[PDB]
Amino acid sequence: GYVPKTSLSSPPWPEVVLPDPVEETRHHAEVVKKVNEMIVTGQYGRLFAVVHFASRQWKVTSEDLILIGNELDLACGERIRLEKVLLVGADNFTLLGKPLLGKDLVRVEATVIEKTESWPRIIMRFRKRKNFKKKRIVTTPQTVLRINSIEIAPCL
Amino acid sequence: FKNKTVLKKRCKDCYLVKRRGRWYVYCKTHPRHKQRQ
Amino acid sequence: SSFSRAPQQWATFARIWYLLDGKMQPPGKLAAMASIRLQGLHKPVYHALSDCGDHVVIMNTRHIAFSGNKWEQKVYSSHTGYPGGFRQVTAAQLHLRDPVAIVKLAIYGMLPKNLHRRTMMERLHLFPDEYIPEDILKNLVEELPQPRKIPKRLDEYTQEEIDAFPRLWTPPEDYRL
Amino acid sequence: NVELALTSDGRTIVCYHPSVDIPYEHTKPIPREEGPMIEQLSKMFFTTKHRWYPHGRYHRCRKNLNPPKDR
Amino acid sequence: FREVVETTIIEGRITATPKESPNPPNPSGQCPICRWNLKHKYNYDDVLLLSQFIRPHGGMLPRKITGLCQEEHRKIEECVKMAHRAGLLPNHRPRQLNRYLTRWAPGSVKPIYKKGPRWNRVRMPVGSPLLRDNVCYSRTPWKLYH
Amino acid sequence: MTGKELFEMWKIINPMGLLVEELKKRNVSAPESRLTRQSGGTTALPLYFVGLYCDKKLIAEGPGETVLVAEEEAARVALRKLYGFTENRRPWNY
RNA sequence: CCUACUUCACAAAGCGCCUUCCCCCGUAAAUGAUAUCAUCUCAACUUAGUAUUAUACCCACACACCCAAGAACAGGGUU
Ligand SMILES: [Zn+2]
Ligand SMILES: [Zn+2]
């Protein structure tokens, strides 16, 4: 099965060896414990979170403003918990959900600051030489949310 | 040389050689046999 | 982080000087690398209107290598505009005339065909040989890896490597060779 | 320089990425007419000439002098 | 290897000849290539492999002597031509544009003055079609024409 | 003060001198200004990164157009880090 | 370009005079393998074999009048 060392004898990409599962689990536990201790001792400043709200993912931090393109059935000034957090990150560590982080880990809270309409959007249809011309003006409801705080808990 | 679509050796000393990208029939005895593809 | 606004913006949008070594490299692969850098498509802050291109200094453009018979078959066509002014020149002749034109034209073709292309080409610095002007050398920041790894010659292989490679066959002793 | 680790349940990935400082040894000590004008500017800033020519009053008046500012 | 020496009187002496390395990975094969498991795993730049079938002045060795297959002899001959034209055998010479993967002899090709339309483009050959069956380590097949 | 920068609110002069004063209060030797990264030094648009080192340890590095500006900005970054008014500090709690 | 001649006449012209500089490649060879001869070689290699046009030309940043400069403008001269 041995092949002499030629240009095409081996794949160009470097060979990859799977680490032994015992050492992999040991290293995983060590890293998780280190990050959990950082969370316990509060060794982090600002937190950012990627949160799935409405239909989209928002990269979010405390004091941030977010413009949802629909009405939310919430009074202005009402506080809310954004429950679908995909990612939370600090300066020195990040936590990734698969695909979502647990409710125990992260708590992202927002506040309905504004309920508005968008500026008028023009929908015009035109087809040449067909007397085909149509115009419509649409205003989309919108809600401005302010992200008040992102909290993480040592539940790793 | 005579331009031929198909090269055919005529006598024994007619030899095919691929030179400057194309086939030729050269011949020392009978230069009349010179052919070019 | 924790920079002031103006220094932060300056750092983010500063233009870097890259160095490509064209020795034995395909001009097209050199041009791909250089065109990416010149556009700024290697920066996550890239935008077509942000003018985020970088400087590319390509040296040894005289020693580029064409694969195949491109030296003889690749033809560069130009027209002076006057009747009878159509000129067609092979890659080898163009290389002998201008040891920079081949890489320059490859990069020019790979760049987007808009009004930013010649500004981008202003940030391209081509030098036929190992010599580079002192100010450009002082500007240099990073050197990009050569896209094509140069194969070794037997004259370059070490006797240890030759011994390590096995002998493939037994030549008959009674052979002239 | 990133440490990746699934949690024990395998439902969250934990990434440890401390910021690495630049080693002291990897640092150096601090050292102690219209035509010709446009050519000089183009050479200085590695641009083309076209940028430095003026624009008409129509374009100049079209430019917004109070643009919105974010952050 | 026998060599002829002159002094006039000339005589031929058999000198040291290398032997096949011990323990072929696949003994009892047709060609040395099959014996050493190299059917589709060498290229024009594998000079260590190629020079083992090369006369001291650069010429190829005959298939009868080498024991190579017909297809493998053709592949080795073409790879050696490409290596010579790329300058990878500077010492195997009879007695400046860098190239590689050159199928044709440089003086025998004509410039492509009129490359055709898109559907009938005249392409520049690269490499050799003999190596078309080599091991493919890339998502896209390697192109023989540029 | 949300979104405001420390020295956008507190105007200072000679941040390097002020940093030296603070390090003296902390009984630390004056930091060594040292050029960590640079780009296009001979052009009209240079980029310099200057780092202030305390006993071969980087305390803060800052960018600039000239080496002096980069050093001054590195001093400002060092002051922000010492005072805990970094950009990525814990947000105010409400 | 205007010395003569000629049309002509402080100049413009020809019918007059002066000056004009390098090649391209089809093939023919040398050594020589695949294919131990041979073989000009889309084998490696060595020549005829040359365009990588050689040059030449041009190159001063900053009223008025006259002009061989000129539609205007521009250009040249005004010691
Ligand atoms: Zn004949
Ligand atoms: Zn076989």
Side-chain angles (χ1 to χ4, degrees), chain D residues 1-57 59-71, chain F residues 1-5 8-9 15-17 19-20 28-75 77-78 80-82 86-89 91:
Chain D
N1 297 350
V2 187
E3 306 289 280
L4 276 296
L6 289 165
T7 50
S8 56
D9 54 38
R11 289 293 90 199
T12 64
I13 311 152
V14 177
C15 310
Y16 181 58
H17 42 75
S19 47
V20 61
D21 285 355
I22 300 175
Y24 180 94
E25 295 81 5
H26 290 207
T27 65
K28 317 163 82 74
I30 294 294
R32 268 84 184 186
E33 305 155 328
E34 191 198 37
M37 186 190 68
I38 287 183
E39 296 160 16
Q40 164 174 119
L41 286 159
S42 305
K43 200 183 195 307
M44 192 196 312
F45 291 109
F46 302 94
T47 57
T48 52
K49 58 177 188 184
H50 313 87
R51 197 192 194 290
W52 309 96
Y53 287 104
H55 276 269
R57 201 200 161 277
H59 288 164
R60 289 191 323 257
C61 191
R62 284 170 55 82
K63 177 169 174 159
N64 187 4
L65 297 180
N66 291 315
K69 184 177 182 293
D70 193 38
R71 164 171 59 251
Chain F
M1 68 198 286
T2 59
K4 296 296 290 183
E5 194 255 322
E8 276 180 346
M9 295 184 280
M16 178 56 74
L19 170 65
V20 166
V28 182
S29 178
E32 199 194 346
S33 164
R34 203 157 174 81
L35 188 65
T36 65
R37 294 212 181 98
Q38 63 177 346
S39 178
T42 76
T43 74
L45 310 167
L47 173 61
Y48 294 102
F49 270 83
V50 163
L52 311 179
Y53 280 83
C54 165
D55 311 317
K56 313 297 181 70
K57 182 176 73 67
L58 182 66
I59 78 189
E61 62 168 348
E65 314 89 9
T66 64
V67 186
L68 288 182
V69 168
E71 182 177 354
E72 188 264 336
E73 219 288 327
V77 176
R80 292 178 199 116
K81 283 183 173 184
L82 286 182
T86 58
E87 188 179 338
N88 55 312
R89 75 195 180 272

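Only this structure's heavy atoms are used, side chains among them; waters, hydrogens and symmetry mates stay out. Residue numbering restarts at 1 for every chain, and letters A, B, ... go by the order of the sequence lines.
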Peer 1: Please classify the contact between F/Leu58 and chain D as side chain, backbone, both or neither, with a heavy-atom cut-off of under 4.5 Å.
Peer 2: both

Peer 1: Counting only heavy atoms not in F/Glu8 (residues, nucleotides, ligands), do more than 12 fall under 6.0 Å from its CD?
Peer 2: yes

Peer 1: So for atom CG, which belongs to D/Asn1, do other residues, nucleotides or ligands contribute more than 12 heavy atoms lying within a distance under 6.0 Å?
Peer 2: no

Peer 1: Hey, what do you get for CD (D/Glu25) to CZ (F/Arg34), rounding to the nearest 0.5 Å?
Peer 2: 9.0 Å

Peer 1: For a quick test of reading the model, state the closest non-hydrogen atom pair linking F/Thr36 to D/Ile22 and the distance between them.
Peer 2: CB-CD1, 3.8 Å

Peer 1: Using a 4.5 angstrom heavy-atom cutoff, name the option from F/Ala70, F/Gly51, F/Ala44 with the most pairs to chain D.
Peer 2: F/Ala44

Peer 1: Before you tell me yes or no, could you show the steps for D/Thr27 and F/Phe49 under side-chain contact (heavy atoms from CB on, under 4.5 Å), namely the whole-Å CA-CA distance, both residues' side-chain angles and the distance that decides it to 0.1 Å?
Peer 2: CA-CA 10 Å; D/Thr27 65; F/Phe49 270 83; over 6 Å; no

Peer 1: Measure the CD1-CD distance between D/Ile30 and F/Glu32 for me, rounded to the nearest 0.5 Å.
Peer 2: 9.0 Å

Peer 1: Heavy-atom count check: over 12 atoms from other residues, nucleotides or ligands less than 6.0 Å from D/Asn64 CG?
Peer 2: yes

